[PDB]
Every structure is written in C-alpha cells, then in structure tokens.
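**Student:** Quick one: the structure is below, questions incoming.
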Amino acid sequence: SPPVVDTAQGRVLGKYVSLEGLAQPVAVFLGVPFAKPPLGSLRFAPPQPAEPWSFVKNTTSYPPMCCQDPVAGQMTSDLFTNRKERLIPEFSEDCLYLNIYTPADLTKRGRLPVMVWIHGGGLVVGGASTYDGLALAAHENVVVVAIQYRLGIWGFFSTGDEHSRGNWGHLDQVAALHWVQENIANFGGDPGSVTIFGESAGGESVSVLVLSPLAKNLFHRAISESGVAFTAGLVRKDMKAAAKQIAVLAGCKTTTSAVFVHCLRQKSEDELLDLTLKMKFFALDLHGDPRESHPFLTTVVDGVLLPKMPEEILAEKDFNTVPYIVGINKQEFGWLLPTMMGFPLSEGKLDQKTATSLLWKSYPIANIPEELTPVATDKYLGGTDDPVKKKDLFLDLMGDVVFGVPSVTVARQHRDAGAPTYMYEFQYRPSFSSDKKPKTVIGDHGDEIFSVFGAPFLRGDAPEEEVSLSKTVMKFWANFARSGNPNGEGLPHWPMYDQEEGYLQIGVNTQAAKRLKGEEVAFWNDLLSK
C-alpha cells in the first residue's frame with residue numbers, strides 16, 4: 001500500500017522497503033526535487049525553488065547525479081556504496097534532488113531526528129544515491145535524507161565578483177536544508193532536530209555550513225567525517241588562475257566577468273563536460289608547475305555564504321555554534337586517495353628524494369612551499385633507512401597535512417567558541433574494501449562510512465566484530481542526532497573535546513584517549529609559521 005506524502009510543491013509517491021533482520025518497514029522516496037533545474041541562464045546562479053506539480057509525482061527511482069566525469073563518478077559510487085545492488089548512475093545538469101529514508105509511522109505525526117547526508121568527492125564527483133539510508137534509519141529510528149548539490153564547474157565556477165560569486169553547490173546544500181525545514185514534518189521528521197553530516201568534501205561542506213550565516217537555524221548538530229574548511233585547501237580567497245584556465249579551454253573572452261560568465265552559460269552540457277575532463281580534476285599533476293595546478297574548484301569567500309575567510313570567522317566566534325563531532329581516520333592517505341589521484345606509489349617502496357618531490361607536487365592540497373618540503377619529509381621519514389617504512393610514513397605525512405591537522409585545528413576553535421565538541425579517530429579495515437587495497441591499510445579514507453551507514457546489514461558477509469562496530473557507530477551517531485551528545489547505555493565512554501582534548505579511538509577496541517595529533521599540529525604550524 002505505497003506511501004503518498006504532501007510537500008509544499010505537491011504530492012510524492014514512495015515505496016516501502018524492509019531490512020532483513022528488522023520488523024520496521026522504511027518508507028523510501030527517491031528523487032524528490034528541492035529546487036528548479038539549474039539549466040540555461042540558471043547555471044552559475046543561486047538555486048530557485050521548484051515549480052509546483054499537479055497530481056502525484058512518482059519518487060521511486062534514483063535521480064541523476066550532477067554532471068561529472070562519468071568514469072570517476074562510477075568508480076566513486078562503487079568504492080563508497082553500502083548496499084549490495086551496484087548502482088549505475090546517470091548524470092545530468094538537472095540534479096537538485098534528495099532521497100529520503102523514513103521509519104516513521106506516516107499515519108501519525110512523527111518527530112524523529114533528521115540526519116541530512118552530504119556526500120564527498122572533492123566537490124567534483126559523487127552523488128546521493130550511492131548511500132542507502134535504510135539500515136541507519138531502521139536500526140536507529142532516524143529520518144535519513146541524502147542530498148545532491150552542483151559539482152565542479154557547474155557548482156563552483158567563480159569570477160570573484162557579483163557576476164558569478166561562486167559556491168553554487170553550497171547554496172544548493174542550503175536550499176535543501178530550507179526544503180527540509182518546510183517539509184520534513186510530513187515524512188515524520190522533526191525540523192527542530194536536524195543533524196548535517198558528511199564525509200570528505202561533504203565534511204568540508206558541513207564545516208562551511210557551520211561557519212555560514214546563510215545556514216543559521218537550518219540545523220542543530222553537525223558531523224564532519226574526514227573533512228573540514230581547512231582540508232586540502234578546499235576554501236580559498238579567490239579562483240583567478242583556475243578561471244583563466246577555464247577561459248582558455250572553453251574559448252571564452254575574459255574582457256569582463258559578465259562577458260565570461262555569459263559565454264559559459266551558452267555552452268552545452270557536453271561542452272562543459274569536455275572542459276571538465278580537460279581540467280583533470282582530482283588528479284596529481286606530475287609534469288606541470290605545482291603552483292598552477294587546480295585539481296579542485298574550491299569553496300570561495302564570496303561575501304554571501306562566507307563573508308570572510310574561515311580563520312577569521314572561527315576567531316570571531318559568531319557562527320552556528322551547534323554540537324559538532326569532527327573526526328578522522330587512522331590512515332586518510334592510506335590507499336584510496338593516492339590511487340584515485342594517480343600518485344606514483346604502486347612500487348611498495350619510496351626513497352626520501354622522491355617523497356620530497358611528491359610533497360612539492362602535492363602543493364595544491366598540502367600547501368607546503370618548495371624549500372620547506374625536505375624539512376617535512378625529514379621530520380617524518382628521517383628516522384628510518386627502510387624504504388617500505390618510508391612509504392608508509394609519507395602516507396601518514398600526507399594524511400596529517402591534508403586531513404588531521406585541519407580537523408584538529410577546526411575542532412579546537414569550535415570548542416573555543418563555546419560549543420560542545422567531540423573528536424574521533426576511526427581505525428578499522430572493512431571487509432567491503434576493494435581487492436586492490438593492501439591488507440595492511442587500516443582506517444583508510446572512507447572506511448567509517450561502512451559502519452555509519454550499516455553496510456554489514458545490507459551487503460557482503462561481515463563477521464560479528466564488524467556487525468557490532470556498525471551498531472556501535474550508528475548508535476553513537478543517532479544518539480548525537482537525538483541529544484547533541486553521542487553517549488548512551490551500553491556504549492563506551494566518549495569524552496567531550498574540551499581543554500584536555502579527549503577523543504574516542506573507534507575500532508575493534510573502542511576507547512578514550514587524549515590529545516589527538518597534538519604534536520603533529522605543533523610541528524606543522526611551526527613549519528608554516530613565517
């Protein structure tokens with residue numbers, strides 16, 4: 001007896017889906033529009049509300065993902081998905097949709113916590129339909145909403161002025177959150193209790209929404225998994241140089257910003273896609289000048305989403321000071337990222353000259369000047385002659401500079417603004433890992449996702465240790481959605497990230513520790529001191 005729910009713009013039809021092991025049926029709505037399709041002159045512009053529809057809109061099939069490299073998009077979906085049935089996504093400029101998983105009794109007026117998932121993919125790839133909210137919803141009695149937002153050129157093209165400010169993907173995230181306020185009560189969600197959560201560039205997005213005056217009162221808890229505002233230089237003052245490259249590739253005059261943006265608006269989707277492949281996003285440039293490489297189009301300081309740089313918003317303490325879990329994995333640069341970015345590290349072996357050279361080429365994500373680059377690799381690799389250990393230590397280096405240090409730096413300033421703050425370090429190797437990934441890589445980028453989204457209940461043949469870790473993580477995450485505090489009956493103690501900097505080591509042996517990356521932060525700030 002399929003569920004039909006009212007929204008401000010019209011009625012939607014979903015499907016009931018059962019999870020093997022639980023009695024609880026979950027109502028699933030796929031491809032709910034939250035904005036007008038950003039086509040034509042709506043490209044490189046703020047999202048507009050969806051036009052209303054008559055009759056009942058069928059929301060039972062996965063929507064398209066936003067345009068992106070389709071080969072890298074398919075690979076990202078494969079690597080990150082938590083369900084059995086492999087998704088073959090479609091791609092389109094018409095992509096401002098969300099998917100909803102609600103376990104609420106829709107005949108009642110439910111008031112479940114709402115968890116809004118913001119996917120990662122470096123702001124250039126990814127989509128919502130990769131992430132099945134079924135297990136998290138059914139096990140923890142929360143409404144899971146997975147949203148989409150414009151990516152790449154479509155999402156982030158900026159002229160650095162009023163003609164194309166930038167941040168279109170973040171304005172879409174904001175529009176989705178307004179949609180949740182207006183409409184989630186009809187899906188049994190409590191709009192007074194919305195947790196935003198995301199991983200990698202989705203974590204950066206959560207962090208940016210925490211800082212943004214546009215997102216005020218649109219959520220009440222935050223979780224950044226493996227990404228905050230300082231991560232990978234994904235937030236910059238401007239985009240002048242990358243914009244120039246786009247103009248040369250597109251054949252657009254840059255006489256003025258208006259003329260430039262108007263030329264890009266006339267391009268077809270195929271032309272912008274081809275321009276996307278030519279920018280070579282999400283890839284280490286091995287041959288060109290590292291100062292001129294732009295593997296991501298970034299969040300920018302536009303004066304609307306962000307009035308100023310994140311450092312200055314954090315230091316001034318006026319932002320969305322909600323309860324905030326900020327976490328990282330043990331080995332953020334262990335395998336997935338170097339492989340996906342094309343780091344020449346298949347060898348199993350690395351010497352210190354080459355580590356220094358690769359750190360310099362990583363300038364776009366690491367931001368370490370050429371002359372300080374041997375000092376960094378000496379610090380991390382100089383205590384051993386063993387090249388197998390040097391490789392493993394270089395990957396610790398990259399993890400720390402790109403993820404660990406940024407995450408701790410942000411948690412500290414969030415705590416110092418007076419907000420409840422929690423940190424974790426996740427250390428587990430999922431059975432769902434790729435065949436290509438070595439057995440020795442534990443807590444790789446993305447590994448927590450399988451626990452958070454209940455992959456053991458949806459796919460594979462997970463052993464009891466892994467099943468149990470997923471229940472623990474989901475329960476912490478949903479307790480936090482409920483109360484702003486992840487703690488509860490039968491879960492290990494997770495201390496607050498206060499002046500003593502307590503954090504939770506999550507893994508086979510889940511337990512509290514202190515002072516996450518304390519020394520590494522000290523070193524990296526001192527190296528870039530100037």
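Naming works like this for the structure tokens: A, B, ... for the chains as they're shown, residue 1 at the start of each chain, ligands 1 onward in shown order.
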Where does range 308-337 of chain A meet range 205-219 of chain A within 12 Å, residue by residue, with the nearest atom pair and distance in Å to one decimal for each, counting only C-alpha atoms, listed by chain and rising number, as a Markdown table?

**Tutor:**
```
| residue | atom | partner | partner_atom | distance |
| --- | --- | --- | --- | --- |
| A:308 | CA | A:212 | CA | 9.7 |
| A:309 | CA | A:211 | CA | 9.7 |
| A:310 | CA | A:211 | CA | 7.2 |
| A:311 | CA | A:211 | CA | 10.1 |
| A:312 | CA | A:211 | CA | 10.1 |
| A:313 | CA | A:211 | CA | 6.7 |
| A:314 | CA | A:211 | CA | 7.4 |
| A:315 | CA | A:211 | CA | 11.0 |
| A:316 | CA | A:211 | CA | 10.7 |
| A:317 | CA | A:211 | CA | 9.3 |
| A:318 | CA | A:211 | CA | 8.2 |
| A:319 | CA | A:211 | CA | 5.1 |
| A:320 | CA | A:210 | CA | 5.0 |
| A:321 | CA | A:210 | CA | 7.2 |
| A:322 | CA | A:210 | CA | 7.8 |
| A:323 | CA | A:210 | CA | 10.1 |
| A:324 | CA | A:210 | CA | 9.0 |
| A:325 | CA | A:207 | CA | 10.5 |
| A:326 | CA | A:207 | CA | 9.1 |
| A:327 | CA | A:207 | CA | 11.8 |
```

**Student:** Given the selection you just returned, output its residues as a file containing N, CA, C and O atoms, formatted as a compact mmCIF listing (two decimals), in the first residue's frame.

**Tutor:**
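The resulting file, part31.txt, is reproduced below:
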```txt
# COMPACT_ATOMS: atom_id res chain seq x y z
N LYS A 308 33.91 36.18 5.05
CA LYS A 308 35.37 36.26 5.13
C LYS A 308 35.98 34.87 5.23
O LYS A 308 35.26 33.87 5.24
N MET A 309 37.31 34.80 5.27
CA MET A 309 37.98 33.51 5.31
C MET A 309 37.58 32.73 6.58
O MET A 309 37.24 33.34 7.63
N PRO A 310 37.57 31.39 6.51
CA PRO A 310 37.25 30.59 7.72
C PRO A 310 38.04 30.90 9.01
O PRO A 310 37.44 30.86 10.08
N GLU A 311 39.34 31.17 8.90
CA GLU A 311 40.21 31.55 10.05
C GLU A 311 39.60 32.71 10.82
O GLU A 311 39.57 32.67 12.04
N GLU A 312 39.12 33.72 10.08
CA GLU A 312 38.57 34.93 10.68
C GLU A 312 37.16 34.71 11.23
O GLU A 312 36.82 35.32 12.23
N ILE A 313 36.35 33.86 10.61
CA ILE A 313 35.02 33.54 11.16
C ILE A 313 35.17 32.72 12.45
O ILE A 313 34.48 32.98 13.46
N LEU A 314 36.07 31.74 12.42
CA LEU A 314 36.37 30.94 13.59
C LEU A 314 36.89 31.80 14.76
O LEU A 314 36.41 31.66 15.88
N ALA A 315 37.86 32.67 14.51
CA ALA A 315 38.47 33.52 15.56
C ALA A 315 37.47 34.50 16.20
O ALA A 315 37.56 34.75 17.40
N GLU A 316 36.51 35.00 15.42
CA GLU A 316 35.48 35.93 15.92
C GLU A 316 34.26 35.32 16.61
O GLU A 316 33.45 36.05 17.17
N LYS A 317 34.10 34.00 16.52
CA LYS A 317 33.16 33.22 17.37
C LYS A 317 31.65 33.41 17.14
O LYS A 317 30.84 32.92 17.90
N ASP A 318 31.29 34.10 16.06
CA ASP A 318 29.92 34.32 15.67
C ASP A 318 29.64 33.43 14.44
O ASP A 318 30.05 33.74 13.31
N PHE A 319 29.07 32.26 14.69
CA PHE A 319 28.75 31.29 13.66
C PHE A 319 27.79 30.28 14.27
O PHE A 319 27.46 30.40 15.41
N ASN A 320 27.40 29.24 13.54
CA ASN A 320 26.43 28.25 14.06
C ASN A 320 27.08 27.27 15.07
O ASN A 320 27.62 26.20 14.69
N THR A 321 27.09 27.69 16.34
CA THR A 321 27.86 27.07 17.39
C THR A 321 27.07 25.86 17.92
O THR A 321 26.76 25.78 19.10
N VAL A 322 26.76 24.93 17.04
CA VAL A 322 25.99 23.75 17.43
C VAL A 322 26.94 22.64 17.91
O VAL A 322 28.13 22.69 17.64
N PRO A 323 26.40 21.63 18.59
CA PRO A 323 27.23 20.45 18.88
C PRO A 323 27.82 19.82 17.61
O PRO A 323 27.13 19.73 16.57
N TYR A 324 29.10 19.45 17.67
CA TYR A 324 29.88 19.13 16.47
C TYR A 324 30.83 17.97 16.74
O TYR A 324 31.70 18.06 17.60
N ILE A 325 30.60 16.85 16.06
CA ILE A 325 31.58 15.76 16.02
C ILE A 325 32.49 16.05 14.83
O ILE A 325 32.00 16.20 13.72
N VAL A 326 33.81 16.10 15.05
CA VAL A 326 34.80 16.22 14.00
C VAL A 326 35.73 15.02 14.11
O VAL A 326 36.36 14.83 15.15
N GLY A 327 35.87 14.22 13.06
CA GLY A 327 36.70 13.04 13.12
C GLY A 327 37.53 12.78 11.89
O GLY A 327 37.32 13.34 10.84
```

**Student:** With only C-alpha atoms as the counted atoms, please give the residues lying no more than 7 Å from residue 133 in chain A, apart from itself and same-chain residues fewer than 5 positions off, as an mmCIF file with C-alpha atoms, in the first residue's frame.

**Tutor:**
```
data_model
loop_
_atom_site.group_PDB
_atom_site.id
_atom_site.type_symbol
_atom_site.label_atom_id
_atom_site.label_comp_id
_atom_site.auth_asym_id
_atom_site.auth_seq_id
_atom_site.Cartn_x
_atom_site.Cartn_y
_atom_site.Cartn_z
ATOM 1 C CA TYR A 101 14.543 7.151 4.208
ATOM 2 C CA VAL A 144 17.926 9.892 6.728
ATOM 3 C CA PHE A 453 25.538 3.517 7.052
#
```

**Student:** Counting only C-alpha atoms, which of A:104, A:358, A:455, A:194 gets nearest to residue 370 in chain A?

**Tutor:**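 Of A:104, A:358, A:455, A:194, the one nearest residue 370 in chain A, counting only C-alpha atoms, is A:358.
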
**Student:** Pick out the residues sitting within 12 Å of residue 270 in chain A, and hand them over as number ranges by chain; count only C-alpha atoms, and ignore anything fewer than 3 positions along from it in its own chain.

**Tutor:** A: 67-70, 91-93, 250, 266-267, 273-277

**Student:** Nearest to residue 442 in chain A: which of A:332, A:132, A:238, A:292 is it, counting only C-alpha atoms?

**Tutor:**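 Closest candidate: A:332.
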
**Student:** Counting only C-alpha atoms, which residue out of A:284, A:243, A:301, A:423 sits closest to residue 366 in chain A?

**Tutor:**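 Closest to residue 366 in chain A of all the choices is A:284.
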
**Student:** Kindly assemble as a tab-separated table a list of the range 314-341 of chain A residues that lie within 12 Å of range 506-509 of chain A, each paired with its nearest atom pair and their distance in Å to one decimal, using only C-alpha atoms, sorted first by chain and then by ascending residue number.

**Tutor:**
```
residue	atom	partner	partner_atom	distance
A:327	CA	A:506	CA	10.1
A:328	CA	A:506	CA	10.2
A:329	CA	A:506	CA	9.1
A:330	CA	A:506	CA	9.7
```

**Student:** Between A:488, A:334, A:344, A:295, which is the closest to residue 443 in chain A once you count only C-alpha atoms?

**Tutor:**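 Result for the nearest residue to residue 443 in chain A: A:334.
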
**Student:** Can you list, as a PDB file with C-alpha atoms, in the first residue's frame, all residues belonging to range 242-331 of chain A that DSSP tags as alpha helix (DSSP H)?

**Tutor:**
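Result went into states28.pdb, see below:
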```
ATOM      1  CA  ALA A 242      41.780  28.438 -12.380  1.00  0.00           C
ATOM      2  CA  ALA A 243      39.198  30.671 -14.011  1.00  0.00           C
ATOM      3  CA  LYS A 244      41.785  31.812 -16.583  1.00  0.00           C
ATOM      4  CA  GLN A 245      42.479  28.151 -17.441  1.00  0.00           C
ATOM      5  CA  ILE A 246      38.797  27.510 -17.856  1.00  0.00           C
ATOM      6  CA  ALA A 247      38.503  30.501 -20.211  1.00  0.00           C
ATOM      7  CA  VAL A 248      41.376  29.290 -22.445  1.00  0.00           C
ATOM      8  CA  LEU A 249      39.976  25.715 -22.577  1.00  0.00           C
ATOM      9  CA  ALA A 250      36.402  26.966 -23.306  1.00  0.00           C
ATOM     10  CA  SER A 257      33.436  38.939 -15.864  1.00  0.00           C
ATOM     11  CA  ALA A 258      29.870  39.360 -17.210  1.00  0.00           C
ATOM     12  CA  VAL A 259      31.016  38.513 -20.734  1.00  0.00           C
ATOM     13  CA  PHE A 260      32.928  35.490 -19.435  1.00  0.00           C
ATOM     14  CA  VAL A 261      30.006  34.078 -17.465  1.00  0.00           C
ATOM     15  CA  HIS A 262      27.548  34.794 -20.282  1.00  0.00           C
ATOM     16  CA  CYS A 263      29.819  32.804 -22.709  1.00  0.00           C
ATOM     17  CA  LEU A 264      29.931  29.837 -20.318  1.00  0.00           C
ATOM     18  CA  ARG A 265      26.105  29.934 -19.969  1.00  0.00           C
ATOM     19  CA  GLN A 266      25.771  29.418 -23.712  1.00  0.00           C
ATOM     20  CA  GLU A 269      26.295  20.183 -21.120  1.00  0.00           C
ATOM     21  CA  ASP A 270      28.629  18.124 -23.404  1.00  0.00           C
ATOM     22  CA  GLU A 271      30.888  21.142 -23.946  1.00  0.00           C
ATOM     23  CA  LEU A 272      31.126  21.712 -20.126  1.00  0.00           C
ATOM     24  CA  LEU A 273      31.728  18.035 -19.549  1.00  0.00           C
ATOM     25  CA  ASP A 274      34.581  18.025 -22.079  1.00  0.00           C
ATOM     26  CA  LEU A 275      36.002  21.123 -20.410  1.00  0.00           C
ATOM     27  CA  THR A 276      35.722  19.196 -17.090  1.00  0.00           C
ATOM     28  CA  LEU A 277      37.818  16.227 -18.422  1.00  0.00           C
ATOM     29  CA  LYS A 278      40.437  18.696 -19.694  1.00  0.00           C
ATOM     30  CA  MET A 279      40.840  20.356 -16.266  1.00  0.00           C
ATOM     31  CA  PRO A 310      37.247  30.586   7.717  1.00  0.00           C
ATOM     32  CA  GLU A 311      40.209  31.549  10.046  1.00  0.00           C
ATOM     33  CA  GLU A 312      38.565  34.925  10.677  1.00  0.00           C
ATOM     34  CA  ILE A 313      35.019  33.541  11.164  1.00  0.00           C
ATOM     35  CA  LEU A 314      36.371  30.940  13.589  1.00  0.00           C
ATOM     36  CA  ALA A 315      38.467  33.521  15.564  1.00  0.00           C
ATOM     37  CA  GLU A 316      35.483  35.932  15.920  1.00  0.00           C
TER      38      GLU A 316
END
```

**Student:** Quick one: which range 319-387 of chain A residues come within 12 Å of range 79-85 of chain A, and what is the nearest atom pair for each with the distance in Å to one decimal, counting only C-alpha atoms, rows ordered by chain and ascending number, as a Markdown table?

**Tutor:**
```
| residue | atom | partner | partner_atom | distance |
| --- | --- | --- | --- | --- |
| A:335 | CA | A:79 | CA | 11.8 |
| A:336 | CA | A:79 | CA | 8.7 |
| A:337 | CA | A:79 | CA | 11.2 |
| A:340 | CA | A:79 | CA | 10.6 |
```

**Student:** List the spatial neighbours of residue 495 in chain A as a compact mmCIF listing (two decimals) with N, CA and C atoms, in the first residue's frame - criterion: any atom at most 12 Å away, only C-alpha atoms, same-chain residues fewer than 3 positions off excluded.

**Tutor:**
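To be explicit, this is the file written out as around36.txt:
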```
# COMPACT_ATOMS: atom_id res chain seq x y z
N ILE A 325 30.60 16.85 16.06
CA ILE A 325 31.58 15.76 16.02
C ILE A 325 32.49 16.05 14.83
N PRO A 420 29.66 22.54 22.29
CA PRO A 420 30.05 21.15 22.54
C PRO A 420 30.69 20.50 21.33
N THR A 421 31.86 19.87 21.55
CA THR A 421 32.70 19.38 20.50
C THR A 421 33.15 18.00 20.88
N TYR A 422 33.16 17.08 19.90
CA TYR A 422 33.66 15.73 20.09
C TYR A 422 34.58 15.39 18.94
N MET A 423 35.62 14.61 19.19
CA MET A 423 36.53 14.15 18.12
C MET A 423 36.64 12.64 18.14
N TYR A 424 36.88 12.04 16.98
CA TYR A 424 37.19 10.61 16.91
C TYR A 424 38.32 10.35 15.93
N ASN A 485 24.88 14.72 22.03
CA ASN A 485 25.85 14.00 22.86
C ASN A 485 25.78 12.55 22.41
N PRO A 486 26.92 11.96 21.96
CA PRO A 486 26.84 10.60 21.40
C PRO A 486 26.66 9.49 22.45
N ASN A 487 26.88 9.80 23.70
CA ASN A 487 26.84 8.78 24.78
C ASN A 487 25.46 8.17 25.07
N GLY A 488 25.47 6.93 25.54
CA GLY A 488 24.25 6.27 25.99
C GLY A 488 24.52 4.91 26.60
N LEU A 491 27.42 1.75 25.62
CA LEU A 491 28.40 2.22 24.64
C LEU A 491 29.60 2.71 25.39
N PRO A 492 30.79 2.56 24.81
CA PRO A 492 31.99 3.06 25.52
C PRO A 492 31.88 4.56 25.79
N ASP A 498 37.36 18.91 25.19
CA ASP A 498 37.46 20.14 25.98
C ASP A 498 38.95 20.57 26.03
N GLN A 499 39.40 21.25 27.09
CA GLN A 499 40.82 21.67 27.17
C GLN A 499 41.83 20.50 27.26
N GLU A 500 41.37 19.37 27.79
CA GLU A 500 42.16 18.15 27.81
C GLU A 500 42.14 17.34 26.49
N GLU A 501 41.29 17.73 25.55
CA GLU A 501 41.29 17.21 24.18
C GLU A 501 41.07 15.69 24.11
N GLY A 502 40.19 15.21 24.99
CA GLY A 502 39.74 13.83 24.94
C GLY A 502 39.07 13.55 23.60
N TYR A 503 39.33 12.36 23.07
CA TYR A 503 38.70 11.88 21.87
C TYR A 503 38.50 10.37 21.94
N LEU A 504 37.67 9.84 21.05
CA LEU A 504 37.37 8.42 21.03
C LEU A 504 38.10 7.71 19.90
N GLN A 505 38.96 6.75 20.25
CA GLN A 505 39.55 5.86 19.24
C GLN A 505 38.49 4.78 18.90
N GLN A 511 37.89 2.94 22.65
CA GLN A 511 38.18 3.55 23.93
C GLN A 511 38.79 4.95 23.83
N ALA A 512 38.61 5.69 24.91
CA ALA A 512 39.02 7.09 25.01
C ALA A 512 40.51 7.23 25.03
N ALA A 513 41.00 8.34 24.50
CA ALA A 513 42.41 8.71 24.57
C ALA A 513 42.46 10.23 24.63
N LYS A 514 43.66 10.81 24.63
CA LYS A 514 43.80 12.25 24.78
C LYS A 514 44.71 12.84 23.74
N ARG A 515 44.36 14.05 23.31
CA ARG A 515 45.29 14.92 22.64
C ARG A 515 45.62 14.40 21.22
```

**Student:** Just give me the gap between CA of residue 57 in chain A and CA of residue 95 in chain A in Å, one decimal is fine.

**Tutor:**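 Interatomic distance here is 16.0 Å.
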
**Student:** Near residue 351 in chain A, counting only C-alpha atoms, which residues have an atom at most 12 Å away, once you skip same-chain residues fewer than 4 positions from it, shown as a list in words?

**Tutor:** residues 345, 347, 355, 356, 357, 358, 377, 378, 381, 382, 384, 385, 386, 387, 388, 389, 390, 391, 392, 393 and 394 of chain A

**Student:** For the residues in that selection, give me C-alpha atoms as a PDB file, in the first residue's frame.

**Tutor:**
```pdb
ATOM      1  CA  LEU A 345      53.232   4.859  -5.392  1.00  0.00           C
ATOM      2  CA  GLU A 347      56.128   0.417  -6.063  1.00  0.00           C
ATOM      3  CA  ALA A 355      58.870  11.775  -1.060  1.00  0.00           C
ATOM      4  CA  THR A 356      60.139  15.379  -1.011  1.00  0.00           C
ATOM      5  CA  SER A 357      59.388  15.672  -4.755  1.00  0.00           C
ATOM      6  CA  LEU A 358      55.814  14.240  -4.364  1.00  0.00           C
ATOM      7  CA  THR A 377      59.853  14.678   4.881  1.00  0.00           C
ATOM      8  CA  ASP A 378      62.968  14.646   7.088  1.00  0.00           C
ATOM      9  CA  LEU A 381      60.900   9.781   7.184  1.00  0.00           C
ATOM     10  CA  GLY A 382      64.403  10.735   8.501  1.00  0.00           C
ATOM     11  CA  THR A 384      64.450   5.174   9.279  1.00  0.00           C
ATOM     12  CA  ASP A 385      66.547   3.748   6.341  1.00  0.00           C
ATOM     13  CA  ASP A 386      63.820   1.201   5.411  1.00  0.00           C
ATOM     14  CA  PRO A 387      62.091   2.341   2.144  1.00  0.00           C
ATOM     15  CA  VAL A 388      58.934   0.213   2.805  1.00  0.00           C
ATOM     16  CA  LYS A 389      58.551   2.140   6.104  1.00  0.00           C
ATOM     17  CA  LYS A 390      59.364   5.461   4.395  1.00  0.00           C
ATOM     18  CA  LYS A 391      56.369   4.926   2.040  1.00  0.00           C
ATOM     19  CA  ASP A 392      54.021   4.163   4.915  1.00  0.00           C
ATOM     20  CA  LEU A 393      55.347   7.241   6.804  1.00  0.00           C
ATOM     21  CA  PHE A 394      54.945   9.514   3.750  1.00  0.00           C
TER      22      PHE A 394
END
```

**Student:** With distances taken over only C-alpha atoms, which of A:3, A:147, A:256, A:523 is nearest to residue 380 in chain A?

**Tutor:**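 For residue 380 in chain A, the nearest of the candidates is A:523.
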